[PDB]
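Source file upload-v7.cif; content: mmCIF, C-alpha atoms.
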data_target
loop_
_atom_site.group_PDB
_atom_site.id
_atom_site.type_symbol
_atom_site.label_atom_id
_atom_site.label_comp_id
_atom_site.auth_asym_id
_atom_site.auth_seq_id
_atom_site.Cartn_x
_atom_site.Cartn_y
_atom_site.Cartn_z
ATOM 1 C CA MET A 1 -45.307 18.501 57.678
ATOM 2 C CA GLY A 2 -44.446 19.119 54.044
ATOM 3 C CA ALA A 3 -47.450 20.976 52.652
ATOM 4 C CA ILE A 4 -45.940 23.916 50.771
ATOM 5 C CA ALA A 5 -42.475 22.390 50.422
ATOM 6 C CA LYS A 6 -44.118 19.891 48.072
ATOM 7 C CA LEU A 7 -44.396 22.717 45.540
ATOM 8 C CA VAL A 8 -40.905 24.067 46.216
ATOM 9 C CA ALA A 9 -38.803 20.962 45.580
ATOM 10 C CA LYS A 10 -41.119 20.339 42.628
ATOM 11 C CA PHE A 11 -41.463 23.744 40.967
ATOM 12 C CA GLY A 12 -39.250 26.188 42.839
ATOM 13 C CA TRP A 13 -38.957 28.513 45.826
ATOM 14 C CA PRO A 14 -39.559 31.675 43.757
ATOM 15 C CA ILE A 15 -42.192 29.719 41.833
ATOM 16 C CA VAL A 16 -44.299 28.892 44.890
ATOM 17 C CA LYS A 17 -44.012 32.318 46.513
ATOM 18 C CA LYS A 18 -45.999 33.741 43.598
ATOM 19 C CA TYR A 19 -48.809 31.215 44.029
ATOM 20 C CA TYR A 20 -48.619 31.137 47.827
ATOM 21 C CA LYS A 21 -51.901 33.049 48.017
ATOM 22 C CA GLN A 22 -53.544 30.059 46.335
ATOM 23 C CA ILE A 23 -51.643 26.909 47.298
ATOM 24 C CA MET A 24 -51.498 27.540 51.046
ATOM 25 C CA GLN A 25 -54.979 29.020 50.644
ATOM 26 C CA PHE A 26 -56.261 25.692 49.319
ATOM 27 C CA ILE A 27 -54.540 23.289 51.712
ATOM 28 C CA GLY A 28 -56.361 25.148 54.469
ATOM 29 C CA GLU A 29 -59.486 23.317 53.332
ATOM 30 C CA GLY A 30 -58.615 19.768 52.318
ATOM 31 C CA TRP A 31 -56.846 19.587 48.965
ATOM 32 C CA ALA A 32 -54.716 16.662 47.794
ATOM 33 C CA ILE A 33 -51.090 16.135 46.777
ATOM 34 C CA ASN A 34 -51.977 15.635 43.112
ATOM 35 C CA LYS A 35 -53.945 18.887 42.954
ATOM 36 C CA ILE A 36 -51.738 21.833 43.909
ATOM 37 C CA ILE A 37 -49.105 20.357 41.597
ATOM 38 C CA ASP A 38 -51.200 20.031 38.440
ATOM 39 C CA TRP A 39 -52.762 23.347 39.457
ATOM 40 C CA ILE A 40 -49.595 25.450 39.492
ATOM 41 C CA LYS A 41 -48.133 23.909 36.336
ATOM 42 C CA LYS A 42 -51.536 24.461 34.727
ATOM 43 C CA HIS A 43 -51.473 28.155 35.636
ATOM 44 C CA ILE A 44 -47.882 29.021 34.727
#

Just give me the structure as structure tokens.
Amino acid sequence: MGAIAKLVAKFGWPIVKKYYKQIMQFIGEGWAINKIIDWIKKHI
């Protein structure tokens, strides 16, 4: 528990919904907790 929420409390609800096709799409494999974070911020 707490896979996508990690990006919500960090970035924002409306900020994760835009990159939901990537974040949740990555975790499905075996990403880390220090990846999706630096990833989103890097994109935006």

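For residue 23 in chain A, the residues within 9 Å (counting all atoms listed in the file, excluding itself and residues fewer than 4 positions away along the chain) are residues 4, 7, 16, 19, 27, 28, 36, 39 and 40 of chain A.
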
Practice task
Could you tell me how far CA of residue 30 in chain A lies from CA of residue 14 in chain A, in Å and to one decimal?
Solution key: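 Computed distance, CA of residue 30 in chain A to CA of residue 14 in chain A, equals 24.0 Å.
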
Handout entry: Surrounding residues of residue 10 in chain A excluding itself and chain neighbours under 4 positions, 9 Å, all atoms listed in the file, as a list in words
Key =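 Contacts, with the query itself left out: residues 5, 6 and 37 of chain A.
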
Selection above as a file: C-alpha atoms, as a PDB file, in the frame of the given file:
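Saved file selection14.pdb follows:
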ATOM      1  CA  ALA A   5     -42.475  22.390  50.422  1.00  0.00           C
ATOM      2  CA  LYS A   6     -44.118  19.891  48.072  1.00  0.00           C
ATOM      3  CA  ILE A  37     -49.105  20.357  41.597  1.00  0.00           C
TER       4      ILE A  37
END

Practice task
Enter the distance from CA of residue 41 in chain A to CA of residue 29 in chain A, in Å, rounded to one decimal.
Solution key: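 If I compute the distance from CA of residue 41 in chain A to CA of residue 29 in chain A, I get 20.4 Å.
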
Practice task
Give me, please, the distance in Å between CA of residue 13 in chain A and CA of residue 43 in chain A, quoted to one decimal.
Solution key: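 Going from CA of residue 13 in chain A over to CA of residue 43 in chain A covers 16.1 Å.
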
Let me have the centre and edge lengths in Å, one decimal, of the box along x, y and z around every listed atom of range 21-29 of chain A with 8 Å of margin on each side, as lines of an AutoDock Vina configuration file.
center_x = -55.5
center_y = 28.2
center_z = 50.4
size_x = 24.0
size_y = 25.8
size_z = 24.1

Taking the partial coordinates given, rebuild range 23-41 of chain A to contain N, CA, C and O atoms; return it as a PDB file, in the coordinates of the input.
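rebuild.pdb, freshly written:
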ATOM      1  N   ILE A  23     -52.037  28.208  46.765  1.00  0.00           N
ATOM      2  CA  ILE A  23     -51.643  26.909  47.298  1.00  0.00           C
ATOM      3  C   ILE A  23     -51.984  26.796  48.780  1.00  0.00           C
ATOM      4  O   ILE A  23     -52.874  26.040  49.166  1.00  0.00           O
ATOM      5  N   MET A  24     -51.269  27.553  49.605  1.00  0.00           N
ATOM      6  CA  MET A  24     -51.498  27.540  51.046  1.00  0.00           C
ATOM      7  C   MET A  24     -52.945  27.899  51.369  1.00  0.00           C
ATOM      8  O   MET A  24     -53.462  27.536  52.425  1.00  0.00           O
ATOM      9  N   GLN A  25     -53.592  28.612  50.453  1.00  0.00           N
ATOM     10  CA  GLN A  25     -54.979  29.020  50.644  1.00  0.00           C
ATOM     11  C   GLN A  25     -55.930  27.855  50.386  1.00  0.00           C
ATOM     12  O   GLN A  25     -57.069  27.855  50.853  1.00  0.00           O
ATOM     13  N   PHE A  26     -55.454  26.864  49.639  1.00  0.00           N
ATOM     14  CA  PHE A  26     -56.261  25.692  49.319  1.00  0.00           C
ATOM     15  C   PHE A  26     -56.090  24.607  50.378  1.00  0.00           C
ATOM     16  O   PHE A  26     -57.069  24.054  50.879  1.00  0.00           O
ATOM     17  N   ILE A  27     -54.840  24.307  50.713  1.00  0.00           N
ATOM     18  CA  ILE A  27     -54.540  23.289  51.712  1.00  0.00           C
ATOM     19  C   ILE A  27     -55.321  23.535  52.998  1.00  0.00           C
ATOM     20  O   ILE A  27     -55.648  22.599  53.726  1.00  0.00           O
ATOM     21  N   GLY A  28     -55.618  24.802  53.271  1.00  0.00           N
ATOM     22  CA  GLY A  28     -56.361  25.148  54.469  1.00  0.00           C
ATOM     23  C   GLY A  28     -57.703  24.447  54.543  1.00  0.00           C
ATOM     24  O   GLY A  28     -58.279  24.310  55.620  1.00  0.00           O
ATOM     25  N   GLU A  29     -58.201  24.005  53.392  1.00  0.00           N
ATOM     26  CA  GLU A  29     -59.486  23.317  53.332  1.00  0.00           C
ATOM     27  C   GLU A  29     -59.299  21.805  53.427  1.00  0.00           C
ATOM     28  O   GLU A  29     -59.572  21.199  54.462  1.00  0.00           O
ATOM     29  N   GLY A  30     -58.830  21.203  52.338  1.00  0.00           N
ATOM     30  CA  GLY A  30     -58.615  19.768  52.318  1.00  0.00           C
ATOM     31  C   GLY A  30     -58.220  19.259  50.946  1.00  0.00           C
ATOM     32  O   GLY A  30     -58.732  18.240  50.484  1.00  0.00           O
ATOM     33  N   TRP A  31     -57.308  19.972  50.293  1.00  0.00           N
ATOM     34  CA  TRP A  31     -56.846  19.587  48.965  1.00  0.00           C
ATOM     35  C   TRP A  31     -56.010  18.314  49.027  1.00  0.00           C
ATOM     36  O   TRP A  31     -55.801  17.749  50.100  1.00  0.00           O
ATOM     37  N   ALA A  32     -55.532  17.867  47.869  1.00  0.00           N
ATOM     38  CA  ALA A  32     -54.716  16.662  47.794  1.00  0.00           C
ATOM     39  C   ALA A  32     -53.289  16.991  47.368  1.00  0.00           C
ATOM     40  O   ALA A  32     -52.932  18.159  47.213  1.00  0.00           O
ATOM     41  N   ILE A  33     -52.479  15.955  47.184  1.00  0.00           N
ATOM     42  CA  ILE A  33     -51.090  16.135  46.777  1.00  0.00           C
ATOM     43  C   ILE A  33     -50.964  16.178  45.258  1.00  0.00           C
ATOM     44  O   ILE A  33     -49.974  16.673  44.721  1.00  0.00           O
ATOM     45  N   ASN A  34     -51.975  15.656  44.570  1.00  0.00           N
ATOM     46  CA  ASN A  34     -51.977  15.635  43.112  1.00  0.00           C
ATOM     47  C   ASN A  34     -52.870  16.740  42.555  1.00  0.00           C
ATOM     48  O   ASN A  34     -53.332  16.664  41.416  1.00  0.00           O
ATOM     49  N   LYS A  35     -53.109  17.765  43.364  1.00  0.00           N
ATOM     50  CA  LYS A  35     -53.945  18.887  42.954  1.00  0.00           C
ATOM     51  C   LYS A  35     -53.115  20.158  42.806  1.00  0.00           C
ATOM     52  O   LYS A  35     -52.983  20.700  41.708  1.00  0.00           O
ATOM     53  N   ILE A  36     -52.557  20.627  43.916  1.00  0.00           N
ATOM     54  CA  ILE A  36     -51.738  21.833  43.909  1.00  0.00           C
ATOM     55  C   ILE A  36     -50.664  21.761  42.830  1.00  0.00           C
ATOM     56  O   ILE A  36     -50.318  22.770  42.215  1.00  0.00           O
ATOM     57  N   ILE A  37     -50.139  20.561  42.604  1.00  0.00           N
ATOM     58  CA  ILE A  37     -49.105  20.357  41.597  1.00  0.00           C
ATOM     59  C   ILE A  37     -49.635  20.650  40.198  1.00  0.00           C
ATOM     60  O   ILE A  37     -49.176  21.578  39.531  1.00  0.00           O
ATOM     61  N   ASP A  38     -50.604  19.855  39.760  1.00  0.00           N
ATOM     62  CA  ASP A  38     -51.200  20.031  38.440  1.00  0.00           C
ATOM     63  C   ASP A  38     -51.831  21.414  38.309  1.00  0.00           C
ATOM     64  O   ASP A  38     -52.026  21.915  37.202  1.00  0.00           O
ATOM     65  N   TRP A  39     -52.151  22.022  39.445  1.00  0.00           N
ATOM     66  CA  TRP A  39     -52.762  23.347  39.457  1.00  0.00           C
ATOM     67  C   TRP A  39     -51.752  24.415  39.053  1.00  0.00           C
ATOM     68  O   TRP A  39     -51.979  25.170  38.108  1.00  0.00           O
ATOM     69  N   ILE A  40     -50.639  24.474  39.776  1.00  0.00           N
ATOM     70  CA  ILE A  40     -49.595  25.450  39.492  1.00  0.00           C
ATOM     71  C   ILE A  40     -49.112  25.335  38.050  1.00  0.00           C
ATOM     72  O   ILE A  40     -49.182  26.293  37.280  1.00  0.00           O
ATOM     73  N   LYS A  41     -48.625  24.153  37.687  1.00  0.00           N
ATOM     74  CA  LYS A  41     -48.133  23.909  36.336  1.00  0.00           C
ATOM     75  C   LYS A  41     -49.173  24.315  35.298  1.00  0.00           C
ATOM     76  O   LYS A  41     -48.833  24.800  34.218  1.00  0.00           O
TER      77      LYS A  41
END
